[PDB]
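To start, the structure under review is shown below, and the notes come after it.
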Amino acid sequence: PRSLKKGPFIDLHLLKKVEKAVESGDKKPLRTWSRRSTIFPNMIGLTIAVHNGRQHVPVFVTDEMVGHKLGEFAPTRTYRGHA
Amino acid sequence: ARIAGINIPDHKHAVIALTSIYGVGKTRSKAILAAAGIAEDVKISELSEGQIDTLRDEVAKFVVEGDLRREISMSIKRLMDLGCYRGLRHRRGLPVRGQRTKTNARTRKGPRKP
Amino acid sequence: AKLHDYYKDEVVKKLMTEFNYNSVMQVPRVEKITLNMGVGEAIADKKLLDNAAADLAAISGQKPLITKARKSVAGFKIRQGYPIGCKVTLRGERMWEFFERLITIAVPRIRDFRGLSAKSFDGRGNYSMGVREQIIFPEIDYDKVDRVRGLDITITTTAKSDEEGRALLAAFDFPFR
Amino acid sequence: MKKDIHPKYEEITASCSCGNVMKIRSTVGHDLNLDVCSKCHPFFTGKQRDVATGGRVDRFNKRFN
RNA sequence: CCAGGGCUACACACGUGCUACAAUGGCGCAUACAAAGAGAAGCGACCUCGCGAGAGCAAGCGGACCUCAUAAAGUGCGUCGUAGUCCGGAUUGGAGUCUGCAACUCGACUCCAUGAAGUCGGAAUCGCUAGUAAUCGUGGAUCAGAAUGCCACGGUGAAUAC
RNA sequence: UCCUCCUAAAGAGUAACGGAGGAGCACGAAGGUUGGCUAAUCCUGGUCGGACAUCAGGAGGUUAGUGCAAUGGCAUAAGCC
């Protein structure tokens, strides 16, 4: 976890992107390479396509997802089973 | 000798007998008995019933056995229904805090039949 | 006893005032309470059933019956006429005593009692609830721990439907989550 | 009821911890002490207390400014 | 050249270590005895705040000066009275701190709660001839952060060799 | 050798190397008598408990049971205590 006196972490380009999507008011997805960014409350209800290494998996920001990083909802290593 | 969830032993000291409750350990039992004023040495059997009630309300202050089990199960179910990474690790029965999965994790993965 | 009198005044009055009842014999009265203890482990051991018998004789007032098997099932390794359970029927002042002790001094002690189910009405008003631990009753020493050995209690009512029986039970401030 | 097969059913006075007293007929053989009763239980009064069912956005506005 | 990922996966098998299964011990209180070494975008006293990790303010020190830094086993008193137990401390939840642009994948630590296997280990197999084996702590390099590894240093300290 | 059904043609009887099955016993209670009771199988509710154990209620009416093969019978029970 981060320190509490530092505040929550987000990229500047992601914050500009989500504020552009708020002033634009649309619900079209936006593809990001910013897995290390904490989900903010203004992002709720818009699908974000987070990079997992190959592709961009679209995750829908719910109310309960508002504490975690974006990359926590994008699995990087695929594994099904050894048989 | 009857704290609303369970029963406590009578021949243990009051700190160790208080730690039988789900939700208190060493430090919380020390703090509870420091608030209620009972010495840590004396057994439960020498205590009297008004003092057991003045213990009971301070144990009733904290979150203990029933709503603590509800809280823990609700948080783990919240993770598993969230779709996060720790949710999937709680799902498949694998270590969650980034432990070694290649060799060890024989607690979380279960006893080794195969 | 006391809850019988609380019935005869308040609950009879209430169930005249909320359902239209033409008569005072239209009200649901609660007929009996049966405490069944389906031990099932008597296919090999015998004294464990004779311990569950003393268990229901302690929890209830009177001595239980020992219920034998009605048909033989090869799936369960029981035979025709093996004493597989035990049961108590209590009615009258004894069910009113047991019902007052159940509603007041036992039902808080079910160890995270979050509120028992109100959908357990079978269809004709009879309610059935299953306790998992017999230590919730104050009759148990806890220096004589034998087994977990829970039971199921079935309140049988003379109500016709679910809602009349639930009115009769919740009139007694029955928990009902 | 039949005579000797049933256990003795004595009227005792159980005492709740919050201050209630309750005379019951029971077979424990002695007087008995309680902790929780029909009064002064966390379910029976109305203090049932479900937890926050998501305090996440409240956690974000409490943590960060 | 760059961003993100991976080298950290996990039905399984082996190698080498750490921690245990307790009473020659666990916990609480009081008190004694070391050696070696490092330190300048570094070591960081005293005082205050915080349960703690740490935070604030801040002298000294390129050092036999100052700091890291109270050595731990030991000892004296009490307590547990052989239980999976006041053993064990894995796993998991919540709340944090710090480094760092950044701690999800994937850091270390703190505090609260949780309390798993394990009651000395099969066939087999290893090290050790004296300040040694065993046991207890400390320090350093790499290092923004991240040792149960490696390299060193001292405390106590055997048994046996026909 | 004995028992039940069909062939067997609505009294009885009736053959075949015709079609199907059983017996060579059991029980001092499984006999006598008095008093009482009434099934199988589903649905729903309920601790372990689960399709199927025990409990409660409804459906249903003899689809059950008879110490043993089949037929006939059986509630006034010949069934169950």
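Identifiers for the structure tokens are assigned positionally: chains receive A, B, ... in sequence, residues are indexed from 1 per chain, and ligands are indexed from 1 in the order shown.
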Set out as CSV a contact list for chain E and chain A with a cut-off of 7 Å, giving each residue of chain E that qualifies its closest atom pair and distance in Å to one decimal, counting only C-alpha atoms (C1' of nucleotides), ordered by chain and rising residue number.
residue,atom,partner,partner_atom,distance
E:3,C1',A:33,CA,6.8
E:4,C1',A:53,CA,5.7
E:5,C1',A:53,CA,4.3
E:9,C1',A:77,CA,6.8
E:11,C1',A:82,CA,5.9
E:97,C1',A:3,CA,6.9
E:102,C1',A:36,CA,6.6
E:103,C1',A:1,CA,6.1
E:104,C1',A:72,CA,4.3
E:105,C1',A:76,CA,6.8
Go ahead and write the residues just picked, N, CA, C and O atoms (P, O5', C5', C4', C3', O3' and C1' of nucleotides), as a PDB file, in the first residue's frame.
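Written out: part_36.pdb:
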ATOM      1  P     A E   3       9.684   3.142 -21.066  1.00  0.00           P
ATOM      2  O5'   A E   3       8.170   2.667 -21.045  1.00  0.00           O
ATOM      3  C5'   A E   3       7.118   3.605 -20.918  1.00  0.00           C
ATOM      4  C4'   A E   3       5.784   2.966 -21.180  1.00  0.00           C
ATOM      5  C3'   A E   3       5.479   1.727 -20.364  1.00  0.00           C
ATOM      6  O3'   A E   3       4.998   2.028 -19.070  1.00  0.00           O
ATOM      7  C1'   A E   3       4.978   1.318 -22.629  1.00  0.00           C
ATOM      8  P     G E   4       5.288   1.031 -17.851  1.00  0.00           P
ATOM      9  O5'   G E   4       4.421  -0.260 -18.187  1.00  0.00           O
ATOM     10  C5'   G E   4       3.013  -0.258 -18.021  1.00  0.00           C
ATOM     11  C4'   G E   4       2.382  -1.478 -18.643  1.00  0.00           C
ATOM     12  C3'   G E   4       2.859  -2.819 -18.123  1.00  0.00           C
ATOM     13  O3'   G E   4       2.302  -3.185 -16.876  1.00  0.00           O
ATOM     14  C1'   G E   4       2.837  -2.882 -20.465  1.00  0.00           C
ATOM     15  P     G E   5       3.185  -4.017 -15.832  1.00  0.00           P
ATOM     16  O5'   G E   5       3.310  -5.455 -16.498  1.00  0.00           O
ATOM     17  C5'   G E   5       2.177  -6.297 -16.606  1.00  0.00           C
ATOM     18  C4'   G E   5       2.398  -7.431 -17.576  1.00  0.00           C
ATOM     19  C3'   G E   5       3.267  -8.577 -17.104  1.00  0.00           C
ATOM     20  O3'   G E   5       2.611  -9.462 -16.221  1.00  0.00           O
ATOM     21  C1'   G E   5       3.870  -8.003 -19.295  1.00  0.00           C
ATOM     22  P     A E   9       5.451 -18.567  -9.098  1.00  0.00           P
ATOM     23  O5'   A E   9       4.505 -18.488 -10.371  1.00  0.00           O
ATOM     24  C5'   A E   9       3.322 -17.699 -10.364  1.00  0.00           C
ATOM     25  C4'   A E   9       2.359 -18.120 -11.442  1.00  0.00           C
ATOM     26  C3'   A E   9       1.743 -19.495 -11.236  1.00  0.00           C
ATOM     27  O3'   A E   9       0.366 -19.500 -11.588  1.00  0.00           O
ATOM     28  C1'   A E   9       2.937 -19.440 -13.295  1.00  0.00           C
ATOM     29  P     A E  11      -2.413 -26.082  -9.141  1.00  0.00           P
ATOM     30  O5'   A E  11      -2.460 -27.594  -9.597  1.00  0.00           O
ATOM     31  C5'   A E  11      -1.468 -28.503  -9.159  1.00  0.00           C
ATOM     32  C4'   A E  11      -1.931 -29.919  -9.340  1.00  0.00           C
ATOM     33  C3'   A E  11      -1.008 -31.008  -8.831  1.00  0.00           C
ATOM     34  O3'   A E  11      -1.097 -31.204  -7.428  1.00  0.00           O
ATOM     35  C1'   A E  11      -1.842 -31.576 -10.975  1.00  0.00           C
ATOM     36  P     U E  97      -0.060   5.522   6.623  1.00  0.00           P
ATOM     37  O5'   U E  97       1.446   5.183   6.971  1.00  0.00           O
ATOM     38  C5'   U E  97       1.980   5.493   8.245  1.00  0.00           C
ATOM     39  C4'   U E  97       3.332   4.859   8.405  1.00  0.00           C
ATOM     40  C3'   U E  97       4.324   5.189   7.310  1.00  0.00           C
ATOM     41  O3'   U E  97       4.981   6.417   7.537  1.00  0.00           O
ATOM     42  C1'   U E  97       4.305   2.859   7.684  1.00  0.00           C
ATOM     43  P     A E 102       6.040   7.842  -6.275  1.00  0.00           P
ATOM     44  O5'   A E 102       5.442   6.524  -6.931  1.00  0.00           O
ATOM     45  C5'   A E 102       4.040   6.336  -7.031  1.00  0.00           C
ATOM     46  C4'   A E 102       3.696   5.251  -8.017  1.00  0.00           C
ATOM     47  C3'   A E 102       3.680   3.834  -7.467  1.00  0.00           C
ATOM     48  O3'   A E 102       2.431   3.491  -6.898  1.00  0.00           O
ATOM     49  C1'   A E 102       4.962   3.906  -9.453  1.00  0.00           C
ATOM     50  P     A E 103       2.320   3.028  -5.368  1.00  0.00           P
ATOM     51  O5'   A E 103       2.908   1.549  -5.352  1.00  0.00           O
ATOM     52  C5'   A E 103       2.435   0.569  -6.267  1.00  0.00           C
ATOM     53  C4'   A E 103       2.499  -0.831  -5.707  1.00  0.00           C
ATOM     54  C3'   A E 103       1.823  -1.037  -4.357  1.00  0.00           C
ATOM     55  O3'   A E 103       1.123  -2.275  -4.367  1.00  0.00           O
ATOM     56  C1'   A E 103       4.085  -1.741  -4.244  1.00  0.00           C
ATOM     57  P     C E 104      -0.479  -2.273  -4.458  1.00  0.00           P
ATOM     58  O5'   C E 104      -0.811  -3.342  -5.587  1.00  0.00           O
ATOM     59  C5'   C E 104      -1.525  -4.517  -5.246  1.00  0.00           C
ATOM     60  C4'   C E 104      -2.040  -5.257  -6.452  1.00  0.00           C
ATOM     61  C3'   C E 104      -1.132  -6.332  -7.015  1.00  0.00           C
ATOM     62  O3'   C E 104      -1.273  -7.543  -6.305  1.00  0.00           O
ATOM     63  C1'   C E 104      -2.098  -5.038  -8.769  1.00  0.00           C
ATOM     64  P     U E 105       0.000  -8.456  -5.991  1.00  0.00           P
ATOM     65  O5'   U E 105       0.394  -9.054  -7.410  1.00  0.00           O
ATOM     66  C5'   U E 105      -0.414 -10.038  -8.035  1.00  0.00           C
ATOM     67  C4'   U E 105      -0.028 -10.218  -9.478  1.00  0.00           C
ATOM     68  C3'   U E 105       1.420 -10.599  -9.725  1.00  0.00           C
ATOM     69  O3'   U E 105       1.619 -11.998  -9.652  1.00  0.00           O
ATOM     70  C1'   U E 105       0.800  -8.803 -11.149  1.00  0.00           C
TER      71        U E 105
END
Exercise for the section: Tell me, as a VMD selection string, which residues lie within 12 Å of region 67-71 of chain E, counting only C-alpha atoms (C1' of nucleotides); anything in the same chain fewer than 5 positions away does not count. Expected result: chain E and resid 32 to 35 37 to 39 42 to 45 59 to 61 136 to 139 154 to 155
Exercise for the section: Using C1' of residue 43 (chain F) and CA of residue 83 (chain C) as the two end points, give the distance in Å to one decimal. Expected result: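 CA of residue 83 (chain C) lies at a distance of 26.6 Å from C1' of residue 43 (chain F).
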Practice task
Check chain D with DSSP on the backbone and list each residue it calls helix (DSSP H, G or I), as JSON, numbers by chain.
Solution key: {"D": [56, 57, 58, 59, 60, 61, 62, 63]}
Exercise for the section: Work out how far CA of residue 62 (chain C) is from CA of residue 97 (chain C), in Å to one decimal. Expected result: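 Separation between CA of residue 97 (chain C) and CA of residue 62 (chain C): 12.2 Å.
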Practice task
Enter the distance from CA of residue 61 (chain D) to CA of residue 65 (chain B), in Å, rounded to one decimal.
Solution key: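 Atom-to-atom, CA of residue 61 (chain D) and CA of residue 65 (chain B) are spaced 29.7 Å apart.
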Write out as a PDB file with N, CA, C and O atoms, in the first residue's frame the residues lying within 8 Å of region 26-41 of chain D, counting only C-alpha atoms (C1' of nucleotides) and excluding same-chain residues fewer than 2 positions away.
ATOM      1  N   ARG B   2     -20.024 -17.608  30.943  1.00  0.00           N
ATOM      2  CA  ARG B   2     -20.848 -17.774  29.748  1.00  0.00           C
ATOM      3  C   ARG B   2     -20.897 -16.404  29.061  1.00  0.00           C
ATOM      4  O   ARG B   2     -21.701 -15.548  29.422  1.00  0.00           O
ATOM      5  N   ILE B   3     -20.012 -16.215  28.089  1.00  0.00           N
ATOM      6  CA  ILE B   3     -19.971 -15.005  27.276  1.00  0.00           C
ATOM      7  C   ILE B   3     -20.621 -15.325  25.941  1.00  0.00           C
ATOM      8  O   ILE B   3     -20.126 -16.188  25.209  1.00  0.00           O
ATOM      9  N   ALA B   4     -21.635 -14.524  25.577  1.00  0.00           N
ATOM     10  CA  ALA B   4     -22.855 -14.837  24.786  1.00  0.00           C
ATOM     11  C   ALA B   4     -22.583 -15.831  23.653  1.00  0.00           C
ATOM     12  O   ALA B   4     -23.454 -16.664  23.367  1.00  0.00           O
TER      13      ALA B   4
ATOM     14  N   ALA C  58     -33.664 -34.656  29.342  1.00  0.00           N
ATOM     15  CA  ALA C  58     -33.218 -33.472  30.062  1.00  0.00           C
ATOM     16  C   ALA C  58     -33.756 -32.201  29.422  1.00  0.00           C
ATOM     17  O   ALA C  58     -34.282 -31.332  30.122  1.00  0.00           O
ATOM     18  N   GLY C  61     -39.247 -32.183  29.366  1.00  0.00           N
ATOM     19  CA  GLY C  61     -39.558 -32.623  30.704  1.00  0.00           C
ATOM     20  C   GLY C  61     -39.620 -34.129  30.823  1.00  0.00           C
ATOM     21  O   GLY C  61     -38.965 -34.707  31.686  1.00  0.00           O
ATOM     22  N   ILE C 103     -38.593 -19.724  23.769  1.00  0.00           N
ATOM     23  CA  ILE C 103     -38.657 -18.376  23.212  1.00  0.00           C
ATOM     24  C   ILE C 103     -37.838 -17.408  24.059  1.00  0.00           C
ATOM     25  O   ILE C 103     -37.222 -16.467  23.540  1.00  0.00           O
ATOM     26  N   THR C 104     -37.751 -17.653  25.365  1.00  0.00           N
ATOM     27  CA  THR C 104     -37.029 -16.704  26.203  1.00  0.00           C
ATOM     28  C   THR C 104     -35.573 -17.108  26.439  1.00  0.00           C
ATOM     29  O   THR C 104     -34.663 -16.352  26.090  1.00  0.00           O
ATOM     30  N   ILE C 105     -35.314 -18.281  27.018  1.00  0.00           N
ATOM     31  CA  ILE C 105     -33.974 -18.516  27.559  1.00  0.00           C
ATOM     32  C   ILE C 105     -33.091 -19.400  26.682  1.00  0.00           C
ATOM     33  O   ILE C 105     -31.898 -19.559  26.964  1.00  0.00           O
ATOM     34  N   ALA C 106     -33.646 -19.987  25.620  1.00  0.00           N
ATOM     35  CA  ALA C 106     -32.852 -20.901  24.800  1.00  0.00           C
ATOM     36  C   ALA C 106     -32.456 -20.277  23.469  1.00  0.00           C
ATOM     37  O   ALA C 106     -31.280 -20.299  23.093  1.00  0.00           O
ATOM     38  N   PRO C 108     -31.896 -17.217  22.355  1.00  0.00           N
ATOM     39  CA  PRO C 108     -30.706 -16.359  22.186  1.00  0.00           C
ATOM     40  C   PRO C 108     -29.398 -17.126  22.111  1.00  0.00           C
ATOM     41  O   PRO C 108     -28.418 -16.622  21.550  1.00  0.00           O
ATOM     42  N   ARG C 109     -29.352 -18.337  22.659  1.00  0.00           N
ATOM     43  CA  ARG C 109     -28.082 -19.019  22.846  1.00  0.00           C
ATOM     44  C   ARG C 109     -27.690 -19.907  21.679  1.00  0.00           C
ATOM     45  O   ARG C 109     -26.946 -20.864  21.899  1.00  0.00           O
ATOM     46  N   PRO C 138     -30.360 -24.774  28.881  1.00  0.00           N
ATOM     47  CA  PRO C 138     -29.606 -24.638  30.135  1.00  0.00           C
ATOM     48  C   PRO C 138     -29.555 -25.907  30.968  1.00  0.00           C
ATOM     49  O   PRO C 138     -29.030 -25.884  32.087  1.00  0.00           O
ATOM     50  N   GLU C 139     -30.081 -27.017  30.456  1.00  0.00           N
ATOM     51  CA  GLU C 139     -30.174 -28.240  31.246  1.00  0.00           C
ATOM     52  C   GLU C 139     -28.883 -29.032  31.175  1.00  0.00           C
ATOM     53  O   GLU C 139     -28.752 -30.074  31.824  1.00  0.00           O
ATOM     54  N   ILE C 140     -27.924 -28.561  30.379  1.00  0.00           N
ATOM     55  CA  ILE C 140     -26.737 -29.353  30.093  1.00  0.00           C
ATOM     56  C   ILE C 140     -25.569 -28.837  30.922  1.00  0.00           C
ATOM     57  O   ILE C 140     -25.324 -27.628  31.003  1.00  0.00           O
TER      58      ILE C 140
ATOM     59  N   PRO D   7     -38.279 -37.519  34.945  1.00  0.00           N
ATOM     60  CA  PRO D   7     -37.436 -36.806  35.904  1.00  0.00           C
ATOM     61  C   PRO D   7     -38.219 -35.709  36.603  1.00  0.00           C
ATOM     62  O   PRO D   7     -39.259 -35.253  36.126  1.00  0.00           O
ATOM     63  N   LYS D   8     -37.700 -35.296  37.759  1.00  0.00           N
ATOM     64  CA  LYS D   8     -38.395 -34.331  38.601  1.00  0.00           C
ATOM     65  C   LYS D   8     -38.399 -32.954  37.954  1.00  0.00           C
ATOM     66  O   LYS D   8     -37.414 -32.530  37.346  1.00  0.00           O
ATOM     67  N   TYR D   9     -39.516 -32.249  38.097  1.00  0.00           N
ATOM     68  CA  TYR D   9     -39.769 -31.018  37.360  1.00  0.00           C
ATOM     69  C   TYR D   9     -40.037 -29.912  38.380  1.00  0.00           C
ATOM     70  O   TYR D   9     -41.181 -29.612  38.726  1.00  0.00           O
ATOM     71  N   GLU D  10     -38.958 -29.301  38.854  1.00  0.00           N
ATOM     72  CA  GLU D  10     -39.015 -28.322  39.924  1.00  0.00           C
ATOM     73  C   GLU D  10     -39.090 -26.917  39.346  1.00  0.00           C
ATOM     74  O   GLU D  10     -38.486 -26.617  38.314  1.00  0.00           O
ATOM     75  N   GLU D  11     -39.859 -26.062  40.013  1.00  0.00           N
ATOM     76  CA  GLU D  11     -39.969 -24.674  39.595  1.00  0.00           C
ATOM     77  C   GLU D  11     -38.840 -23.856  40.210  1.00  0.00           C
ATOM     78  O   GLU D  11     -38.791 -23.635  41.423  1.00  0.00           O
ATOM     79  N   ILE D  12     -37.929 -23.412  39.352  1.00  0.00           N
ATOM     80  CA  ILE D  12     -36.750 -22.657  39.742  1.00  0.00           C
ATOM     81  C   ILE D  12     -36.878 -21.242  39.207  1.00  0.00           C
ATOM     82  O   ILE D  12     -37.790 -20.941  38.431  1.00  0.00           O
ATOM     83  N   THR D  13     -35.960 -20.368  39.618  1.00  0.00           N
ATOM     84  CA  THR D  13     -35.946 -18.969  39.206  1.00  0.00           C
ATOM     85  C   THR D  13     -34.617 -18.674  38.533  1.00  0.00           C
ATOM     86  O   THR D  13     -33.604 -18.501  39.215  1.00  0.00           O
ATOM     87  N   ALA D  14     -34.617 -18.622  37.206  1.00  0.00           N
ATOM     88  CA  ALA D  14     -33.415 -18.262  36.478  1.00  0.00           C
ATOM     89  C   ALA D  14     -33.297 -16.748  36.387  1.00  0.00           C
ATOM     90  O   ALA D  14     -34.289 -16.033  36.227  1.00  0.00           O
ATOM     91  N   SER D  15     -32.063 -16.256  36.480  1.00  0.00           N
ATOM     92  CA  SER D  15     -31.849 -14.813  36.591  1.00  0.00           C
ATOM     93  C   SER D  15     -31.034 -14.364  35.377  1.00  0.00           C
ATOM     94  O   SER D  15     -29.921 -14.839  35.153  1.00  0.00           O
ATOM     95  N   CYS D  16     -31.615 -13.461  34.590  1.00  0.00           N
ATOM     96  CA  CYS D  16     -30.905 -12.896  33.454  1.00  0.00           C
ATOM     97  C   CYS D  16     -29.863 -11.897  33.944  1.00  0.00           C
ATOM     98  O   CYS D  16     -29.959 -11.347  35.043  1.00  0.00           O
ATOM     99  N   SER D  17     -28.846 -11.671  33.111  1.00  0.00           N
ATOM    100  CA  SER D  17     -27.734 -10.823  33.522  1.00  0.00           C
ATOM    101  C   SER D  17     -28.113  -9.349  33.486  1.00  0.00           C
ATOM    102  O   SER D  17     -27.599  -8.552  34.277  1.00  0.00           O
ATOM    103  N   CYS D  18     -29.019  -8.967  32.584  1.00  0.00           N
ATOM    104  CA  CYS D  18     -29.413  -7.565  32.494  1.00  0.00           C
ATOM    105  C   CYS D  18     -30.363  -7.158  33.608  1.00  0.00           C
ATOM    106  O   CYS D  18     -30.585  -5.960  33.803  1.00  0.00           O
ATOM    107  N   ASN D  20     -33.425  -9.271  34.449  1.00  0.00           N
ATOM    108  CA  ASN D  20     -34.691  -9.984  34.409  1.00  0.00           C
ATOM    109  C   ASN D  20     -34.617 -11.234  35.274  1.00  0.00           C
ATOM    110  O   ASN D  20     -33.560 -11.852  35.412  1.00  0.00           O
ATOM    111  N   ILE D  24     -39.282 -20.653  35.954  1.00  0.00           N
ATOM    112  CA  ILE D  24     -39.628 -21.690  34.994  1.00  0.00           C
ATOM    113  C   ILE D  24     -39.696 -23.010  35.738  1.00  0.00           C
ATOM    114  O   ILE D  24     -39.084 -23.184  36.787  1.00  0.00           O
ATOM    115  N   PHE D  43     -30.624  -9.337  18.804  1.00  0.00           N
ATOM    116  CA  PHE D  43     -31.586  -9.500  17.720  1.00  0.00           C
ATOM    117  C   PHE D  43     -32.981  -9.048  18.127  1.00  0.00           C
ATOM    118  O   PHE D  43     -33.730  -8.524  17.296  1.00  0.00           O
ATOM    119  N   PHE D  44     -33.351  -9.250  19.389  1.00  0.00           N
ATOM    120  CA  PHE D  44     -34.752  -9.129  19.774  1.00  0.00           C
ATOM    121  C   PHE D  44     -35.175  -7.678  19.939  1.00  0.00           C
ATOM    122  O   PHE D  44     -36.360  -7.354  19.795  1.00  0.00           O
ATOM    123  N   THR D  45     -34.232  -6.791  20.250  1.00  0.00           N
ATOM    124  CA  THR D  45     -34.577  -5.389  20.428  1.00  0.00           C
ATOM    125  C   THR D  45     -34.658  -4.635  19.108  1.00  0.00           C
ATOM    126  O   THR D  45     -35.614  -3.881  18.899  1.00  0.00           O
TER     127      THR D  45
END
Practice task
Check every residue of chain C for an atom within 8 Å of chain F, counting only C-alpha atoms (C1' of nucleotides), and provide those that qualify as an NGL selection string.
Solution key: :C and (34-40 or 67 or 69 or 73 or 75-76 or 78 or 84-87 or 120-124 or 126-133 or 149-154 or 156)
Save the residues we just selected, C-alpha atoms, as a CSV table (one decimal), in the first residue's frame?
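Here's the written file out_35.csv:
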chain,number,residue,atom,x,y,z
C,34,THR,CA,-42.7,-32.5,19.1
C,35,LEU,CA,-39.0,-32.8,19.9
C,36,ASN,CA,-37.4,-35.3,17.5
C,37,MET,CA,-33.8,-36.5,17.9
C,38,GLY,CA,-32.9,-38.5,14.9
C,39,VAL,CA,-29.6,-40.1,16.1
C,40,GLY,CA,-29.2,-42.7,13.4
C,67,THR,CA,-38.5,-44.7,17.5
C,69,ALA,CA,-37.3,-48.1,11.8
C,73,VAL,CA,-33.2,-49.5,3.7
C,75,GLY,CA,-28.6,-47.8,1.6
C,76,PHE,CA,-28.3,-46.8,5.2
C,78,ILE,CA,-30.7,-50.1,8.9
C,84,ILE,CA,-32.9,-45.5,15.0
C,85,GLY,CA,-34.2,-42.3,16.7
C,86,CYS,CA,-36.0,-40.9,19.7
C,87,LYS,CA,-38.9,-38.5,20.2
C,120,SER,CA,-40.1,-23.2,7.2
C,121,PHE,CA,-43.9,-23.3,7.4
C,122,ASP,CA,-44.9,-26.6,5.6
C,123,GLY,CA,-48.1,-25.4,4.0
C,124,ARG,CA,-50.7,-26.1,6.8
C,126,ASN,CA,-47.0,-26.1,11.2
C,127,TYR,CA,-43.6,-24.7,11.9
C,128,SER,CA,-40.4,-26.8,12.1
C,129,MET,CA,-36.9,-25.6,13.2
C,130,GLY,CA,-33.7,-27.5,13.6
C,131,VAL,CA,-31.1,-26.8,16.3
C,132,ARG,CA,-27.7,-28.1,15.7
C,133,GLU,CA,-26.4,-28.1,19.2
C,149,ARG,CA,-26.4,-34.3,19.0
C,150,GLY,CA,-28.8,-31.6,17.8
C,151,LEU,CA,-32.5,-32.0,17.5
C,152,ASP,CA,-35.5,-30.6,15.5
C,153,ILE,CA,-38.5,-29.0,17.1
C,154,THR,CA,-41.9,-29.0,15.3
C,156,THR,CA,-47.9,-28.2,15.3
Exercise for the section: When you get a sec, could you note down which chain B residues fall within 8 Å of chain E, using only C-alpha atoms (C1' of nucleotides), as a ChimeraX atom specification? Expected result: /B:16,23-25,72,75-76,85,98,100-102,107-108,114
Handout entry: Near-residue 96 (chain B) list (9 Å; only C-alpha atoms (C1' of nucleotides); drop same-chain fewer than 2 positions) as a ChimeraX atom specification
Key = /B:85-90,93-94,98-99 /E:92
